[PDB]
>>> print(open('entry-v1.cif').read())   # mmCIF, N, CA and C atoms
data_run
loop_
_atom_site.group_PDB
_atom_site.id
_atom_site.type_symbol
_atom_site.label_atom_id
_atom_site.label_comp_id
_atom_site.auth_asym_id
_atom_site.auth_seq_id
_atom_site.Cartn_x
_atom_site.Cartn_y
_atom_site.Cartn_z
ATOM 1 N N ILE O 2 7.005 0.339 4.362
ATOM 2 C CA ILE O 2 6.759 1.766 4.586
ATOM 3 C C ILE O 2 6.184 2.439 3.331
ATOM 4 N N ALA O 3 6.282 1.765 2.186
ATOM 5 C CA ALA O 3 5.692 2.263 0.933
ATOM 6 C C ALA O 3 5.566 1.145 -0.118
ATOM 7 N N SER O 4 4.643 1.377 -1.057
ATOM 8 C CA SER O 4 4.390 0.662 -2.165
ATOM 9 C C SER O 4 3.140 0.955 -2.631
ATOM 10 N N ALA O 5 2.583 0.193 -3.573
ATOM 11 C CA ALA O 5 1.176 0.380 -3.940
ATOM 12 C C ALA O 5 0.450 -0.951 -3.772
ATOM 13 N N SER O 6 -0.625 -0.962 -2.986
ATOM 14 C CA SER O 6 -1.416 -2.165 -2.695
ATOM 15 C C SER O 6 -0.610 -3.185 -1.947
ATOM 16 N N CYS O 7 -0.457 -3.129 -0.635
ATOM 17 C CA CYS O 7 0.334 -4.102 -0.143
ATOM 18 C C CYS O 7 0.734 -4.203 1.308
ATOM 19 N N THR O 8 -0.068 -3.562 2.144
ATOM 20 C CA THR O 8 0.218 -3.532 3.561
ATOM 21 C C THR O 8 -1.098 -3.447 4.274
ATOM 22 N N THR O 9 -1.028 -3.516 5.591
ATOM 23 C CA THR O 9 -2.163 -3.429 6.380
ATOM 24 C C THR O 9 -2.175 -2.417 7.498
ATOM 25 N N UNK O 10 -1.192 -1.529 7.583
ATOM 26 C CA UNK O 10 -1.165 -0.746 8.797
ATOM 27 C C UNK O 10 -0.752 0.694 8.626
ATOM 28 N N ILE O 11 -0.144 1.005 7.494
ATOM 29 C CA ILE O 11 0.309 2.351 7.304
ATOM 30 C C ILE O 11 -0.593 3.079 6.318
ATOM 31 N N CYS O 12 -0.723 2.644 5.075
ATOM 32 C CA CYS O 12 -1.622 3.286 4.294
ATOM 33 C C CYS O 12 -1.777 3.089 2.800
ATOM 34 N N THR O 13 -0.933 2.246 2.236
ATOM 35 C CA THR O 13 -0.926 1.997 0.809
ATOM 36 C C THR O 13 -1.558 0.646 0.632
ATOM 37 N N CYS O 14 -1.796 0.184 -0.580
ATOM 38 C CA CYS O 14 -2.447 -1.000 -0.662
ATOM 39 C C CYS O 14 -2.652 -1.660 -2.019
ATOM 40 N N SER O 15 -3.408 -0.903 -2.803
ATOM 41 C CA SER O 15 -3.405 -0.964 -4.051
ATOM 42 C C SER O 15 -4.305 0.032 -4.706
ATOM 43 N N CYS O 16 -4.337 0.068 -6.024
ATOM 44 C CA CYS O 16 -5.144 1.021 -6.542
ATOM 45 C C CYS O 16 -5.310 1.226 -8.058
ATOM 46 N N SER O 17 -4.657 0.370 -8.841
ATOM 47 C CA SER O 17 -4.867 0.240 -10.159
ATOM 48 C C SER O 17 -4.397 -0.890 -10.734
ATOM 49 N N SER O 18 -3.888 -0.788 -11.973
ATOM 50 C CA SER O 18 -3.447 -1.796 -12.774
ATOM 51 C C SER O 18 -3.941 -2.039 -14.013
#
>>> encode(input="entry-v1.cif", output="structure tokens")
Amino acid sequence: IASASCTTXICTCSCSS
């Protein structure tokens, strides 16, 4: 349901580093 960079259906994924 949350994180950064890491799913395919809700909306987060990745984005830096």
>>> atom_distance(input="entry-v1.cif", atom1="atom C of residue O:3", atom2="atom CA of residue O:17")
14.5 Å
>>> residues_around(input="entry-v1.cif", residues="residue O:4", least_positions_apart="3", cutoff="8 Å", atoms="all atoms listed in the file", output="MDAnalysis selection string")
chainID O and resid 7:8 12:15
>>> write_last_selection(input="entry-v1.cif", atoms="N, CA and C atoms", output="PDB file, in the coordinates of the input")
ATOM      1  N   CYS O   7      -0.457  -3.129  -0.635  1.00  0.00           N
ATOM      2  CA  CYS O   7       0.334  -4.102  -0.143  1.00  0.00           C
ATOM      3  C   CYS O   7       0.734  -4.203   1.308  1.00  0.00           C
ATOM      4  N   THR O   8      -0.068  -3.562   2.144  1.00  0.00           N
ATOM      5  CA  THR O   8       0.218  -3.532   3.561  1.00  0.00           C
ATOM      6  C   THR O   8      -1.098  -3.447   4.274  1.00  0.00           C
ATOM      7  N   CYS O  12      -0.723   2.644   5.075  1.00  0.00           N
ATOM      8  CA  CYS O  12      -1.622   3.286   4.294  1.00  0.00           C
ATOM      9  C   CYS O  12      -1.777   3.089   2.800  1.00  0.00           C
ATOM     10  N   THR O  13      -0.933   2.246   2.236  1.00  0.00           N
ATOM     11  CA  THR O  13      -0.926   1.997   0.809  1.00  0.00           C
ATOM     12  C   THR O  13      -1.558   0.646   0.632  1.00  0.00           C
ATOM     13  N   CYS O  14      -1.796   0.184  -0.580  1.00  0.00           N
ATOM     14  CA  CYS O  14      -2.447  -1.000  -0.662  1.00  0.00           C
ATOM     15  C   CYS O  14      -2.652  -1.660  -2.019  1.00  0.00           C
ATOM     16  N   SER O  15      -3.408  -0.903  -2.803  1.00  0.00           N
ATOM     17  CA  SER O  15      -3.405  -0.964  -4.051  1.00  0.00           C
ATOM     18  C   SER O  15      -4.305   0.032  -4.706  1.00  0.00           C
TER      19      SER O  15
END
>>> atom_distance(input="entry-v1.cif", atom1="atom C of residue O:18", atom2="atom C of residue O:2")
20.6 Å
>>> axis_aligned_box(input="entry-v1.cif", around="stretch 4-18 of chain O", padding_each_side="3 Å", output="JSON")
{"center_x": -0.3, "center_y": -0.5, "center_z": -2.6, "size_x": 16.0, "size_y": 13.5, "size_z": 28.8}
>>> decode(input="entry-v1.cif", residues="chain O", atoms="C-alpha atoms", output="JSON list (two decimals), in the first residue's frame")
[["chain", "number", "residue", "atom", "x", "y", "z"],
["O", 2, "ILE", "CA", 0.00, 0.00, 0.00],
["O", 3, "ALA", "CA", 3.10, 2.24, 0.26],
["O", 4, "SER", "CA", 6.77, 2.55, -0.32],
["O", 5, "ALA", "CA", 9.02, 4.08, -2.80],
["O", 6, "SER", "CA", 9.63, 2.25, -6.13],
["O", 7, "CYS", "CA", 8.03, -1.01, -5.71],
["O", 8, "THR", "CA", 4.59, -1.97, -6.85],
["O", 9, "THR", "CA", 2.55, -2.24, -9.91],
["O", 10, "UNK", "CA", -0.98, -1.24, -9.18],
["O", 11, "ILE", "CA", -1.44, 1.52, -6.70],
["O", 12, "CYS", "CA", 1.06, 4.17, -7.36],
["O", 13, "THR", "CA", 4.55, 4.24, -5.90],
["O", 14, "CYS", "CA", 7.51, 2.77, -7.47],
["O", 15, "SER", "CA", 10.59, 4.47, -7.30],
["O", 16, "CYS", "CA", 12.11, 7.74, -7.72],
["O", 17, "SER", "CA", 15.54, 8.44, -6.49],
["O", 18, "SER", "CA", 18.50, 7.28, -4.79]]
